[PDB]
Structures are given as structure tokens and as C-alpha cells.
Amino acid sequence: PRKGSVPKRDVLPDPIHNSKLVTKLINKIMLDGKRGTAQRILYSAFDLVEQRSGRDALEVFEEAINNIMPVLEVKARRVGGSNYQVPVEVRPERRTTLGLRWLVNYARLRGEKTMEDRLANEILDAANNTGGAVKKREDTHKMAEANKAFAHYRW
Amino acid sequence: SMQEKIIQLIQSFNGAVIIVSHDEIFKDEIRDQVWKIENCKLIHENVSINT
Amino acid sequence: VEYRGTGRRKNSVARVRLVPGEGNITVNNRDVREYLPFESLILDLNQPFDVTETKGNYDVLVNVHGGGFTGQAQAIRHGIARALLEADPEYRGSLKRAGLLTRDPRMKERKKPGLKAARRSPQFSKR
Amino acid sequence: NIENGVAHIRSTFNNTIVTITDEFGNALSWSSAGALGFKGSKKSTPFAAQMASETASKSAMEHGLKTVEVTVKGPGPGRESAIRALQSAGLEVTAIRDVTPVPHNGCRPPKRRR
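Residue numbers (the entry's author numbering), protein chains in the order written: chain g, 2 to 156; chain 6, 464 to 514; chain i, 6 to 132; chain k, 15 to 128.
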């Protein structure tokens, strides 16, 4: 807004895994205002995945949100007959908003049945640099490359 | 002369198609989804693990 | 030898009664893990107990009224902490730095006329 | 083979061009923004003049020239980025010049655009 800036809202850790990267992933999972049926989907997919792969539940999830952290990205201006897409560098707290919704809306776009395991097959494929969520820090990373020419039009 | 009359046909079909082909200049402008058989399993083009 | 305190949150009123004992919390004839349905609320309504570092020293003994499960699991935590500046009031430097002696005034808002809600306008078409 | 050429940067408002010669104007190798396949409004900019000025040198790098003394020409948005592309790719500039054509009032110039 014009007048200035504001804070955000600072959420207290999970009961169990003891991070705030799993409270801010329920707020991406929650919908319509129902934190009941979002905490089935998020503790039934740390142990629907913890079987499949024999290391911890939180180091195969937290490497599943660090292949997805887009480091560059495009923003726009106009010219007067063209409208060029500039590439800007991404802050250290916006890469954590996008990795966590590039992982949860690339899960309703999947052909499994119950979203215990869509979210479960997407934290284990995305841990190996592959599939849906983690081409999209690659969709979004040529566009900051193709446009490497228009960088001087920056702010 | 007939390789063009059926390249327009495959493009003017408004359904879904699975194409198996070895010529490069036909499967170059129609590349939407590209699976592949490497060892014994099919892969996709959403695997940005290569480069 | 029990301490006293009322805390409110959002149209729930809960009267809490700190005693000398071991970790256990009973609310309205029930064990609160039958009372509270998420493990999210039973972690922070003993937020007071990890800021002062008296993790297990008290049995809790709550009496609740009003609201629903969040506002009752949260009017409580303002009892546990407004019955512990009453035991050692010199605890009060640090239970107030975690921001735990605020009543939290954020209530539910009037509905306004010619709006469909507090802040939700009707759909605008100009032609 | 060859040592000590000169680089002839030539930037306009569309399209820069860099040509490296020996010291007898002998055209070792050339290259330029539109050769790399840059289309207009990219063709013009400072990125492309630093591609183009290093697809040149590295392909006459390979004749063992390593010292160049640049001469610059034109107005150009992308003039000067083409001399950190150069001196980047291992060539050791000697000293530069802005040799642009200046009439001592000669022929008459086109109209100006409305």
C-alpha cells in the first residue's frame, strides 16, 4: 500500500515435528476454514511416505521443499508498444511461500485417489528433482533466462 | 508427397493421439508430452533432473 | 494451597485452579484429550508451563463455559498464566514477554446493512 | 600464428557487430548480435553485445592473438559491455579510441521523423 508496510503473522510450531514449515503447510492444505480434515492429510502423509523411504520423515520432506525454491522469477513493465518481462531476484521469505503452494496445488493435479498419498507421492518424487512442482522452478527459470536481455530495465 | 497430406490430418484431429515415430521433423512442432523407455520403465518430460 | 485465575477469549469464560501436583488437566468432568479434539490446542494451552520452566508441577482443574474448542482451549491458557503471576508474581517479567497476559480483544464483528456481512459487499454491475 | 589485432566494435541502435583483425586490417573473425539469432529489441541491448563480443574473441582467441587496442564506433547502448566481454575472455586491452565519422560540414542529412 502507499502509506508504508505492515507485519506478517507468526505461527507457532507443530506439536510433533517441531517446525513452522509444517504449520504453514496446513494453512496451504486447509480450505474453507477446517483445520480438522487438513491434519489427517498431513500426518497421514509423513507416515504414508516414511514407509516408502527409510530415512526420517522431515528430512525427506524438507528436501522436497528445497528443490522447489525458485531463485529468480519474472516481473513486468510497459514500453509503448511492448511490455517487457524483467527478471528480478527473489527474497528469502518469498521462496518459502511459493514452494509450499507449488507443492500443494500440484497435488490436486494428480491421479491418485485420496489426498493422503497424492501429497505422499509428491513429496517423494519432488525429492528427486522431478515432477510437476519441480519443473516449475524450471518453467519459471528459463523465463528469467530468455529475458536475461531485459535486465537493465530494473528497479 | 503423401507425408504432408497426413501430417495435416494428424494436426486437424481434435482428440487425443499417441504417436510413435522416428522422423525428427514431424515430432518436432507437435511435442506436447514425451514419455520414454530408458531401462525398463517409462519416464516423462516433467523430469527436470537431467539438465 | 491452590492458586486462582480467570482468563477470557472470544465469548468463552474459563475458571482455572492451579494446584500442587503432576501434569494432568481435567475440564468439566473430563480429561481434556477427550475435551479437545486436536493435539494443536493441548500443546499451547500449556505454553505458560514452558515459559516459566515449571513443566510438570501442577494439576490444572478447569471450569469452562461459552464458545467452542479453540476459544475454550485458549481462554484456559489465559488462566494457567493468570494464576501463576498470583503464586510468584515475580514470575511476571517473562510470562509477559511471550505475550501471554494480553486478553486478546479480537471479537466478532457487527453486521452492517446493505452489506452481506461485516465487510462483504454485494456484486457490482454497472450495466 | 597471429598476435596483436584490433577489435572493431560498431554498435548502432539496432545491432552491434564486433570484428577482430590483425594490425593490417585483415579480418580474423566477426560476429554480431543478429547472428546469434536475437530479434529486434533484443538485438540491440547490452546483453547481446556481450554475447557477440565473445563469440568473436574466443574464435580468434584460437589464433593466439592476445592483445588488442580497441576502436569504437557509433552511438550505442551496448558499446561498453562489449569491452568487458572482451577483456573478460582473455585478451588484455591496450588502449581505446572513439573513431566516429564527423563531417566538417559535408552532405545533408535525412529528414527527421514525425
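Using N, Cα and C, we set each Cβ at its ideal position, and we do this for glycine too.
(message) Cutting at 8 angstroms between CB atoms, please list the residues of its own chain near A103 (chain i), excluding the five before and the five after it.
(response) Along the third sequence, read from residue 1 onward, the residue named residue 103 (chain i) stands at position 98. Taken in chain order, the residues that qualify are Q52 and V56.
(message) Suppose contacts are defined by Cβ-Cβ distances below 7 angstroms. Is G51 (chain k) in contact with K57 (chain k) by that definition?
(response) For the purposes of this step, residue 51 (chain k) is taken as the residue at position 37 of the fourth sequence. For the purposes of this step, residue 57 (chain k) is taken as the residue at position 43 of the fourth sequence. For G51 (chain k) and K57 (chain k), no; Cβs fall outside 7 angstroms.
(message) Taking 6 angstroms as the limit between beta carbons, can you name the residues of its chain near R111 (chain g), skipping five residues before and five after?
(response) Here the question's residue 111 (chain g) lines up with position 110 in the first sequence. These residues qualify, in order along the chain: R119.
(request) Output yes or no for whether 7 angstroms exceeds the beta carbon distance between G12 (chain i) and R87 (chain i). (result) By 1-based counting over the third sequence, the position of residue 12 (chain i) is 7. By 1-based counting over the third sequence, the position of residue 87 (chain i) is 82. Contact flag set, yes.
(message) Starting from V18 (chain i), trace the beta strand (DSSP E) in both directions and tell me its first and last residue.
(response) For the purposes of this step, residue 18 (chain i) is identified with residue 13 of the third sequence, where counting begins at 1. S17 to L23 is the span of the beta strand (DSSP E), which, as asked, contains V18 (chain i).
(message) According to DSSP, is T35 (chain k) part of a helix, a strand, or is it coil?
(response) Position 21 of the fourth sequence, counted from the start, is the residue given in the question as residue 35 (chain k). Note: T35 (chain k) maps to strand in three-state DSSP.
(request) Excluding the 5 residues preceding and the 5 following residue 129 (chain k) in the sequence, name in chain order all residues of the same chain whose CB lies nearer than 6 angstroms to its CB. (result) As displayed, chain k neither begins before 15 nor continues past 128, which places residue 129 (chain k) out of reach and without an answer.
(message) If the cut-off is 7 angstroms on Cβ atoms, which residues from the region 117 to 144 of chain g count as contacting chain 6, listed in chain order?
(response) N129, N130, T131, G132, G133, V135, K136 and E139
(request) Examine chain g for any beta-carbon lying closer than 7 angstroms to the beta-carbon of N509 (chain 6), and answer yes or no. (result) In the second sequence, the residue the question calls residue 509 (chain 6) occupies position 46. So, interface residue.
(request) Throw me the rounded Cβ distance for the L89 (chain i) and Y8 (chain i) pair, which I believe falls under 8 angstroms. (result) One-based indexing of the third sequence puts residue 89 (chain i) at position 84. One-based indexing of the third sequence puts residue 8 (chain i) at position 3. The distance from the Cβ of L89 (chain i) to that of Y8 (chain i) is about 7 angstroms, consistent with a contact at the 8 angstroms cut-off.
(request) Determine, using beta carbons only, whether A150 (chain g) and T59 (chain k) come nearer to each other than 7 angstroms. (result) Here residue 150 (chain g) refers to the residue found at position 149 when the first sequence is read from its first residue. Here residue 59 (chain k) refers to the residue found at position 45 when the fourth sequence is read from its first residue. Cβ distance < 7 angstroms, so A150 (chain g) and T59 (chain k) count as in contact.
(request) Flag this pair as yes or no: are the beta carbons of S43 (chain k) and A63 (chain k) separated by less than 7 angstroms? (result) In the fourth sequence, counting from the first residue as 1, residue 43 (chain k) sits at position 29. In the fourth sequence, counting from the first residue as 1, residue 63 (chain k) sits at position 49. Not a contact, by the Cβ cut-off of 7 angstroms.
(message) Under 8 angstroms, CB to CB, which of the residues in the region 52 to 86 of chain k have a partner in chain g?
(response) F52, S55, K56, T59, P60, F61 and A62
(request) Please say whether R24 (chain k) and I31 (chain k) have beta carbons closer to each other than 7 angstroms? (result) One-based indexing of the fourth sequence puts residue 31 (chain k) at position 17. One-based indexing of the fourth sequence puts residue 24 (chain k) at position 10. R24 (chain k) is positioned such that its CB atom lies closer than 7 angstroms to that of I31 (chain k).
(message) Tell me the DSSP secondary structure of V116 (chain k) in three-state form.
(response) The residue labelled residue 116 (chain k) in the question sits at position 102 within the fourth sequence. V116 (chain k) falls in the coil class under three-state DSSP.
(request) Enumerate, from N- to C-terminal direction, the unbroken beta strand (DSSP E) stretches of 3 or more residues contained entirely within the region 18 to 94 of chain k. (result) 20 to 23, 31 to 35 and 43 to 46
(request) Answer yes if the region 52 to 60 of chain g comes into contact with the region 53 to 73 of chain i, meaning at least three C-beta pairs across the two stretches below 8 angstroms, and no otherwise. (result) By the C-beta criterion, the region 53 to 73 of chain i is judged not to be in contact with the region 52 to 60 of chain g, since fewer than 3 inter-stretch pairs fall below 8 angstroms.
(message) On the criterion of 16 or more Cβ atoms from any shown chain inside 10 Å, does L472 (chain 6) qualify as buried, or is it exposed?
(response) As a first step, residue 472 (chain 6) must be located in the second sequence, where it is residue number 9. With fewer than 16 other Cβ atoms within 10 Å, it is exposed.
(request) Establish whether the CB of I512 (chain 6) and some CB of chain g are separated by less than 7 angstroms. (result) Sequence index remark: in the second sequence, residue 512 (chain 6) carries index 49 (1-based). Yes, contact with chain g.
(request) List the endpoints of the continuous beta strand (DSSP E) containing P53 (chain i). (result) In the third sequence, counting from the first residue as 1, residue 53 (chain i) sits at position 48. Run containing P53 (chain i): none in the beta strand (DSSP E); it sits in the alpha helix (DSSP H), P53 to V56.
(request) Would you tell me roughly how many angstroms separate the C-alpha atoms of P89 (chain k) and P117 (chain k), rounded to the nearest one? (result) On the fourth sequence, position 75 is the one that residue 89 (chain k) refers to. On the fourth sequence, position 103 is the one that residue 117 (chain k) refers to. The straight-line gap separating the alpha-carbon atoms of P89 (chain k) and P117 (chain k) is approximately 16 angstroms.
(message) For a minimum of 4 consecutive residues, which ranges assigned as the alpha helix (DSSP H) are wholly contained in the region 78 to 105 of chain g?
(response) 96 to 99
(message) Determine whether the beta carbon atoms of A39 (chain g) and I124 (chain g) lie at a separation below 7 angstroms.
(response) Here residue 39 (chain g) corresponds to residue number 38 of the first sequence, with the count starting at 1. Here residue 124 (chain g) corresponds to residue number 123 of the first sequence, with the count starting at 1. Their beta carbons are not under 7 angstroms apart, which means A39 (chain g) does not touch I124 (chain g) by this criterion.
(request) Closer than 9 angstroms, Cβ to Cβ, to anything on chain g: give me those residues from the region 33 to 55 of chain i, in chain order. (result) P42, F43, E44, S45, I47, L48, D49 and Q52
(request) Work out the CA separation of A145 (chain g) and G104 (chain k) for me, nearest whole Å. (result) In the fourth sequence, residue 104 (chain k) corresponds to position 90, counting from 1. In the first sequence, residue 145 (chain g) corresponds to position 144, counting from 1. So the alpha carbons of these two residues sit roughly 28 angstroms apart.
(request) Please name the residue or residues paired with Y8 (chain i) in a DSSP beta bridge. (result) For the purposes of this step, residue 8 (chain i) is taken as the residue at position 3 of the third sequence. Per DSSP, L23 (chain i).
(request) Note the first and the last residue of the continuous alpha helix (DSSP H) segment covering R97 (chain i). (result) To locate residue 97 (chain i), count along the third sequence from 1; it is residue 92. No alpha helix (DSSP H) contains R97 (chain i), which DSSP labels as neither H nor E.
(request) Could you check which residue in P127 (chain i), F129 (chain i), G26 (chain i) and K15 (chain i) has the C-alpha nearest to that of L66 (chain i)? (result) If you number the third sequence from 1, residue 66 (chain i) lands on position 61. Closest option to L66 (chain i), Cα to Cα, is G26 (chain i).
(request) Tell me, please, which residues DSSP counts as bridged to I506 (chain 6). (result) As a position in the second sequence, residue 506 (chain 6) is number 43, starting the count at 1. Partner(s): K499 (chain 6).
(request) Please list the partners that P16 (chain g) has in chain i, where partner means a Cβ-to-Cβ separation under 7 angstroms. (result) By one-based count along the first sequence, residue 16 (chain g) stands at place 15. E44, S45 and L48, listed in chain order.
(message) Here's a check: name, in chain order, each residue in its chain whose Cβ is nearer than 6 angstroms to the Cβ of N68 (chain i), leaving out the five neighbours to either side.
(response) Stepping through the third sequence from its first residue, residue 68 (chain i) is reached at position 63. For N68 (chain i), same chain residues with a beta-carbon under 6 angstroms away, outside a window of 5 residues either side, are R20 in chain order.
(message) Against chain k, with Cβ distances strictly below 7 angstroms, would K149 (chain g) count as a contact?
(response) The count along the first sequence starts at 1 and reaches residue 149 (chain g) at position 148. So yes, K149 (chain g) belongs to the interface.
(message) Please state the DSSP three-state secondary structure of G84 (chain i).
(response) The residue given as residue 84 (chain i) occupies position 79 in the third sequence. It is helical.
(message) Please list, in chain order, the residues of the region 20 to 54 of chain g that have any C-beta partner in chain i closer than 8 angstroms.
(response) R36, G37 and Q40
(message) Going by beta-carbon coordinates alone, are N34 (chain i) and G71 (chain i) separated by less than 7 angstroms?
(response) Here residue 34 (chain i) corresponds to residue number 29 of the third sequence, with the count starting at 1. Here residue 71 (chain i) corresponds to residue number 66 of the third sequence, with the count starting at 1. Their beta carbons are not under 7 angstroms apart, which means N34 (chain i) does not touch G71 (chain i) by this criterion.
(request) Within its chain, find whatever has a CB closer than 7 angstroms to the CB of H507 (chain 6); leave out the 5 residues flanking it on each side and keep chain order. (result) Counted from its first residue, the second sequence places residue 507 (chain 6) at position 44. Within the same chain, and ignoring the five residues on either side of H507 (chain 6) in sequence, the residues whose Cβ sits closer than 7 angstroms to its Cβ are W498.
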